[PDB]
């Protein structure tokens, strides 16, 4: 019956995002530092790729997706699998590619080449859970738990996670994934205050490259 997810005033949400121990980071002078309170408040202000529903699909062929992935390292020539993910889980493939490209350094980062454990290697292209050497051997790594033992398994698995844990939790766009205005400071995808902006920028370029129509835009989150 109750389908109202507007729960907090903006000032209430800001105070929550500024709460004790909550990690909020900003890229400065070549690396990540903790964001200050003013920066957090500014980052979460509403200004529109960041506000667009990414739980719908877009008309991109495997050829078009591989065009986007050309020259993208470990992600090059994996468009078939990104589209398997889109259709299986109803995840916007432009969003999915853009998120992967941000997180993996255009597919070229050292971490994108995975983490060794025994005879296997684990991959993670979406910043999901703990992903470093210690977590993998300790077994306390989501990528290991889900057995993302290849790049293709990491693409499909990443989409599954986003659908099941975010889209099914009513976090339908980048803003909601980052700032969870229905329940501020819980279940947020990333600590980088500009996480949504980085993904949205690549999304917008790809939308304009292929002439893709935008899905629903929502700008009301707060009382």
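Positions refer to the first chain, counted from 1.
K.L.:
Please classify the unmodelled stretch of the deposited sequence between residue 47 and residue 48: none, 1 to 3, 4 to 9, or 10 or more residues.
P.N.:
The entry has 4 to 9 unmodelled residues between residue 47 and residue 48.
K.L.:
According to the deposited model, is the average Cα temperature factor higher in 151-159 or in 29-37?
P.N.:
It is 29-37.
K.L.:
Per the PDB record, is the mean Cα temperature factor higher over 210-218 or over 12-20?
P.N.:
Comparing 12-20 with 210-218, the higher mean C-alpha B-factor belongs to 210-218.
K.L.:
Among 132, 103, 84, 90, where is the Cα B factor highest in this entry?
P.N.:
It is 132.
K.L.:
When the CA B-factors of 80, 72, 99, 145 are compared as recorded in the entry, which is the largest?
P.N.:
Out of 80, 72, 99, 145, the record gives the largest C-alpha B-factor to 145.
K.L.:
Looking at the temperature factor on the CA atom of residue 194, which third of the chain's modelled residues does it land in?
P.N.:
Residue 194: CA B-factor falls in the middle third of its chain.
K.L.:
By the recorded C-alpha temperature factor, relative to the other modelled residues in its chain, which third is residue 136 in?
P.N.:
Highest third.
K.L.:
Lowest, middle or highest third: where is residue 94 by C-alpha B factor in its chain?
P.N.:
It belongs to the lowest third of the chain when residues are ordered by C-alpha B-factor.
K.L.:
Ranking every modelled residue in this chain by its Cα temperature factor as given in the entry, which third contains residue 187?
P.N.:
CA B-factor rank for residue 187: lowest third.
K.L.:
Among all modelled residues of this chain, ranked by Cα B factor, put residue 42 in the bottom, middle or top third, i.e. lowest, middle or highest.
P.N.:
According to the entry, residue 42 has a C-alpha B-factor in the chain's highest third.
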